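One structure is given below, encoded as C-alpha cells.
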Amino acid sequence: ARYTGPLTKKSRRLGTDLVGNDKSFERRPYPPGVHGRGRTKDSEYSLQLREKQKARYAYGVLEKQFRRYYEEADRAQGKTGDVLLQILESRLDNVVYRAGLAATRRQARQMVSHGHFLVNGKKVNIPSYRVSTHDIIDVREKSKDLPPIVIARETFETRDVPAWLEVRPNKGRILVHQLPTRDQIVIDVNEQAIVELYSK
Amino acid sequence: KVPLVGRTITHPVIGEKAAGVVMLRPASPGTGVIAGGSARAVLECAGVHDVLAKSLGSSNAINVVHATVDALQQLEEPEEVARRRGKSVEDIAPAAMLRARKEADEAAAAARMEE
Amino acid sequence: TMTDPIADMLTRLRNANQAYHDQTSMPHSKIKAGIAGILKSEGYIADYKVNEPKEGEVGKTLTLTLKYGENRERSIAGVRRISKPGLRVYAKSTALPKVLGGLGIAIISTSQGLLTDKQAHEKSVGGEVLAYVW
Amino acid sequence: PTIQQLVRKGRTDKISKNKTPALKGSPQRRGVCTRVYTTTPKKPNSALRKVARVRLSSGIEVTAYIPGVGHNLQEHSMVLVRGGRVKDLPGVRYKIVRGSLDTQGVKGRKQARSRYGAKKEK
Amino acid sequence: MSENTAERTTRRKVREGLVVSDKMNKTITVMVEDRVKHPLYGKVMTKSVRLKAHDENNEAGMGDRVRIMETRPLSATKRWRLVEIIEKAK
Amino acid sequence: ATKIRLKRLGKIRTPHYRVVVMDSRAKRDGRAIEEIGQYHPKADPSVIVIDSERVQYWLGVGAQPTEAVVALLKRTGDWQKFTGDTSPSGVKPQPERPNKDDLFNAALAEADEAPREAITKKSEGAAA
RNA sequence: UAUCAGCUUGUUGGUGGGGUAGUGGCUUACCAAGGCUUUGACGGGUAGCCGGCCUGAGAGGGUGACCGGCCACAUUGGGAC
RNA sequence: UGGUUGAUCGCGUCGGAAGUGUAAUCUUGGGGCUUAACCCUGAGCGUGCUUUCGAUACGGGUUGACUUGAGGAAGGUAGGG
Ligand SMILES: [Mg+2]
Ligand SMILES: [Mg+2]
Ligand SMILES: [Mg+2]
Ligand SMILES: [Mg+2]
Ligand SMILES: [Mg+2]
Ligand SMILES: [Mg+2]
Ligand SMILES: [Mg+2]
Ligand SMILES: [Mg+2]
Ligand SMILES: [Mg+2]
Ligand SMILES: [Mg+2]
Ligand SMILES: [Mg+2]
Ligand SMILES: [Mg+2]
C-alpha cells in the first residue's frame, strides 16, 4: 500500500522530475528499460494518464485514494483541478515537505507515519491527515533532534516556503495561514488533463 | 471566429452536416472538454476549455468534424444577438453570463499585464 | 383541417423569414395578436398590424412586418411550438424554460396574460409554454 | 408515432438474449465429464481443440473447452465449468476452470498462472 | 345549547358523475371521469371509474348527471349516496 | 403502555441514544411516536438534551419513563417540574471549550520563544 | 400475457330477521335480474410491497440483501378455544 | 383531435397557506472517532397527496353569437365511372 521501488525510473517514464535534482535524471529524455529511445505516438489517454501518474507519484498517493480525492474535488464547488491540487497539498506529509522540515515527500511520510509530529496538540501518524486552516503542526518534543530534522534546519534557507505556511524552523512549528490556492501550488502537472481523464 | 464567453461556449447548439450530429453545451469553469476525439480536437483548437459535446448520428470522423464545425458556426455572440433584436446586452442576455464575461476579461487583463 | 392556429402563425413566420419576405399575413385571433405584440416588444419583428377585413370582408387580418439587419441578416434565428394540441406543456414558476441559454425567449401564457419567461419569473407565475422563439 | 399512439401502445424493449443458459444464474457450475475428446476448429484456423461433454449439476449437458497446453481430465472426472465462448468452435459456450476439482493446473506455466490454476513455484 | 366540538369538520368525499345504470332497486351506477397527466408522455388522459351509489326512491335515471357523497358500506359494492341531480338529461 | 425511553444509535462501542416516545410493544430501534431529545454518554460530562415542553406534555399525558430517562429528567430538571420532588437537579455541566483562531493568532505572534526555543534546539543539536 | 373473450347465481340490488367490537350477501328467508368486460373482465405466467440500493447528464432502466415500515406464514390442510 | 368570438364555471393549469411525506439513507452545514471509512447533529430533499384561499391567459364544461372550414339549394358542366 506504498510505492517502495525506485523513483528515478518513474520520473524518467513520466518525463519530468518527480522530486529532487542533479541526479540520474541526466538520462531524462527517455523512459527506463531497453526500449526507451524510440519515438512515441502519445494518444490523448496516454497524455492524460501521464498527467495523473505524475501527480500520483509526486504526492505518493495510490489509485483508490487519488480517485476518492477526485470525487471530493468534483463535488466541491469551484474548479475541480484547483480543488484536487488543494486537497493533495493539504495532505500532512506534503505540508511538512512544503514547510521544509523534510528533504522529500518520502522522508516526510516516514517521519509522519513514525509519529514525530503533533497536530495542534494531538499526535498524528497518518500521512494522509488533511490539515485544515489555522492549524499548528509541531515536531514531537522527544524527536526535536532527529538527524533529518537537523539537516532540514541547516538547509531550509535555500528552500522556498509557500505563502500559505509560516515555519518556525528551529522551533519545528508550521502555522497554516490558509488552505492554498492554485497560484500557490507550484505548477508541475495538468490538473485539467487529470479531470478530463477521470471522465472517460 | 468562435464566440467564447470566458473559455466556454456562449449557448447550447446542435449542429449537423450530412449525418454527423454534434450537440454542444457550455459548462462551468474547470469542467474541461468533455467531447469525443474529433469534436474534442476541434474544440481544443478553437480554444474552448469548458464544454460538453456529444456525438449523435454517424461516427465517421469527417462528418463529425463538419457537424462540430457548423455547431460552432451556429453560435451567436451576445452583442450580435442584441444587434439582431434591436436591444442591449443588459436587456437580452443573462446577468450571470455577462458577469462571467467581465471576470474572464479582467483575469485576461491580469495575464496580459503580467506577461 | 387546421388544428393549431398558433403553430400556423409560427410556421408562417418561419417560412416568410426564411424566404426573406418583408411582410406576412394570416387570419387574426386574440392570442395571435398577443404573441405578435410581445414579439415586437422583444424585437423579433419590425412591427405588426391588425386590419379590418376589406378583401374577403369576413374577418380581421393580422400582418407582421419583419426586420432584416445590415447585409440582409435574419432577426429571427428560429421559432418552435412547444404546447402542441396533441400534447400540452405547462411550466411552474420554478421550472420555467430557458431558450438559447437565455438569449432567446420562451413565450408562456400565464393567468396574467401572455408573458415572456423573464417576465413570468419576475412575477413568479407559470402557465402554458406556447413557444421558444429565439 | 404520435403521442396518442404511444399512449395506446407504449415502447417495448428488446429481448436481451442470454448467453449461458446451462449455468442457470451461477458464475460456475459443477459437472461430470461424460466425454473427453478433440474437435477440429472452424475455418479459417486449424487445430485439435480439446473439449469435453459435461453433465452439469443443473441437469444440462454441454460442451466445454479445456484451455492450456496440458490435460489430465478423462471419463467421469469432476470439473468446474465457467462461462466463456470459443469463437472458432460452433456450440462451445463454456470453459473448464483449471486447478479446480479433478482438473489440474497447466504444468509449465510461468505467466498468467492464475488463469490456468498453476501454483507459484519457489 | 352547549354541544361538544361541533362542525365535526371531517368532511367526506364528493364525486360528480353520469348515471350509467339505474335498473336495480335503490342503486345507480355512476361513471366519474378525472383528467390526469400520463406518467411518462405527459398527455392529459381521461380516467373513468364506475361508482355504485344508493338512490332512495329511485329518483335518478339513465344519462342523468348526479352528485354522490361517500358513505359507510351500504352493501357488498355500494359505498356512495346520491345527494342531488345536477342535470336531468332524460 | 406508552414509554419514554432510549433508542440506541451509533457505532459499535460508541452509543448515542435518542430520548424517544413509543409504546412498550415496539422494538427498541424502531418507529417512534416522537423524538424528544438526545443523550451521548460516551462524551465527557455526557450530553443530555431534552425538549422540556414535549417531555412535560408526555409525562402529563401519562407516558412512563424508563429508569435511564428518569435519570436524564432528574438532571434536566423536568423530573422535578413534573412529580415535584427534592432532587439536586444538576443541569448538565458543559463539556469545556477549545478554540483555534485565538491560538493561531497567539502563536503567529508568539514568535519570540517560538524561534527562541528554536535556537535553543539549535544548541540541542549542538548537544545532540 | 389476447396463440386467455366471455365471467358470475349469494352472483348484483331490495325488504325482514339473525349475527358481530363494527358497516356489509357477513348470514338467512323472500322478491327482483342483475353485476363485470376489448379503456382487457375471466384465465395463464411470475412476484411479498415499500423507505431504499445500483446505474444514468437527466429522463429512465434494474433491484427489494443488511437497516426501517406494512403484510403474509410457523410440518401440510382445517378448526375453534 | 378542433375555425373566429361574447358571457360564465374554475375540472385541467398557475400562485399562496395549513397538514402530511417517521427514522435511517441521500445532498449539505457543523461536531466526534489520531485521519478516513464510519458515527452524531442542524437544514434541505422527501419530486406527491389532502384541505383551503386566490388568478382566468390557455385546455375543457355550460351557454350565445359569426361564416371563412364543412355540407346543401339553384344554375352551369366534363368524362373508357
Ligand atoms: Mg438525419
Ligand atoms: Mg339486511
Ligand atoms: Mg414466491
Ligand atoms: Mg419493483
Ligand atoms: Mg426486514
Ligand atoms: Mg378552440
Ligand atoms: Mg373567453
Ligand atoms: Mg442525517
Ligand atoms: Mg474531525
Ligand atoms: Mg425522511
Ligand atoms: Mg369551452
Ligand atoms: Mg346540379
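Which is away from every other protein chain (no Cβ under 12 Å), exposed (fewer than 15 other Cβ atoms within 10 Å of the Cβ) and within 16 Å of RNA strand G (Cβ to nearest atom), of A:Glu71, A:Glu63?
The conditions single out A:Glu71.
What's the number of the condition E:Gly61 fails, among (1) more than 30 Å from C:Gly86 (Cβ to Cβ); (2) more than 10 Å from the chain's Cα centre (by Cα); (3) within 16 Å of RNA strand H (Cβ to nearest atom)?
(3)
So in region A:9-41, with the set limited to residues that are closer than 21 Å to A:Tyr198 by Cβ and out of contact with any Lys or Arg (no Cβ under 8 Å at 6 or more places or on another chain), which one is surrounded by the most Cβ atoms within 10 Å (Cβ to Cβ)?
Looking at the filtered set, the residue picked out is A:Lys10.
Across region E:4-55, what is the number of residues that are of a type outside the set (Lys, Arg) and under 14 Å from the mean Cα position of the chain (by Cα)?
22
When region B:7-35 is examined, which residues are found to be surrounded by fewer than 20 Cβ atoms within 10 Å (Cβ to Cβ), closer than 23 Å to C:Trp134 by Cβ and more than 16 Å from ligand 1 (Cβ to nearest atom)?
Correct list: B:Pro12, B:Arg25, B:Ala27, B:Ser28.
When you scan region C:4-88 for strands (runs of 3 or more DSSP E) that lie fully inside it, which ones turn up with 2 or more residues that are over 30 Å from E:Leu40 (Cβ atoms) and in contact with a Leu (Cβ under 6 Å, 6 or more places away or on another chain)?
C:23-27, C:47-51
Name the one entry in B:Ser58, B:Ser88 that is away from ligand 1 (no atom under 16 Å from the Cβ), polar (S, T, N, Q) and either surrounded by fewer than 17 Cβ atoms within 10 Å (Cβ to Cβ) or within 14 Å of chain C (Cβ to nearest Cβ) (or both).
B:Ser88 is the lone residue from the list that is away from ligand 1 (no atom under 16 Å from the Cβ), polar (S, T, N, Q) and either surrounded by fewer than 17 Cβ atoms within 10 Å (Cβ to Cβ) or within 14 Å of chain C (Cβ to nearest Cβ) (or both).
Which residues, counting only those in region E:62-72, are within 13 Å of RNA strand G (Cβ to nearest atom) and either of a type outside the set (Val, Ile, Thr) or within 20 Å of E:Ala89 (Cα to Cα) (or both)?
Result: E:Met62, E:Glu70, E:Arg72.
Mind listing whichever residues of region C:80-102 are in contact with a strand residue (DSSP E or B) (Cβ under 7 Å, 6 or more places away or on another chain), of a type in the set (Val, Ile, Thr) and within 14 Å of chain B (Cβ to nearest Cβ)?
Selection gives nothing.
Taking region A:85-122 as the search range and keeping residues that are more than 25 Å from A:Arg140 (Cβ to Cβ) and surrounded by fewer than 24 Cβ atoms within 10 Å (Cβ to Cβ), which one is farthest from RNA strand G (Cβ to nearest atom)?
A:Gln86
When only residues in region E:4-44 that are near RNA strand H (Cβ under 9 Å from one of its atoms) and out of contact with any strand residue (DSSP E or B) (no Cβ under 9 Å at 6 or more places or on another chain) count, which is farthest from E:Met62 (Cα to Cα)?
Only one residue fits best here, namely E:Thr9.
Looking at (1) under 28 Å from C:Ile105 (Cα atoms); (2) surrounded by fewer than 20 Cβ atoms within 10 Å (Cβ to Cβ); (3) within 14 Å of chain A (Cβ to nearest Cβ), which is the only condition B:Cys45 fails?
Of the numbered conditions (1) under 28 Å from C:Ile105 (Cα atoms); (2) surrounded by fewer than 20 Cβ atoms within 10 Å (Cβ to Cβ); (3) within 14 Å of chain A (Cβ to nearest Cβ), the odd one out for B:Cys45 is (1).
Test B:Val51 against the criterion of being closer than 19 Å to A:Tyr45 by Cα, in contact with a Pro (Cβ under 8 Å, 6 or more places away or on another chain) and crowded, with 17+ Cβ neighbours inside 10 Å, and give yes or no.
In short, yes.
Got at least one residue in region D:7-21 being free of Cβ contacts under 8 Å to residues at least 40 places away in the same chain and within 14 Å of chain C (Cβ to nearest Cβ)?
yes
Please enumerate the residues belonging to region A:50-99 that are not in a helix (DSSP H, G or I) and not aliphatic (A, V, I, L, M).
A:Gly60, A:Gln77, A:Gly78, A:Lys79, A:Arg91
Using beta carbons and a limit of 6 Å, which pairs, at least six apart or on different chains, have the first residue in region B:21-41 and within 7 Å of chain A (Cβ to nearest Cβ) and the second one part of a loop (DSSP other than H, G, I, E, B) and crowded, with 18+ Cβ neighbours inside 10 Å?
Qualifying pairs under 6 Å: B:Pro29/A:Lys79; B:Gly30/A:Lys79.
With the condition being within 14 Å of another protein chain (Cβ to nearest Cβ), I'd like the helices (runs of 4 or more DSSP H) fully within region F:49-128 carrying at least 2 qualifying residues.
So the answer is F:101-110, F:113-127.
Could you list, in sequence order, the residues of region F:1-46 that are without any contact (Cβ under 8 Å) to a residue 24 or more places away in the chain, β-branched (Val, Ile, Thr) and assigned to a loop (DSSP other than H, G, I, E, B)?
Across region F:1-46, the qualifying residue is only F:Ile12.
Of everything in region E:2-45, what is loosely packed, with under 12 Cβ neighbours inside 10 Å, near RNA strand G (Cβ under 10 Å from one of its atoms) and within 14 Å of chain C (Cβ to nearest Cβ)? Give them in sequence order.
Matches in region E:2-45: E:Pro39, E:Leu40.
Here, each number is a calculation from the coordinates, and none is a lab measurement. Positions of Cβ are backbone-derived with ideal geometry, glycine not excepted, and every protein chain shown enters the neighbour counts.
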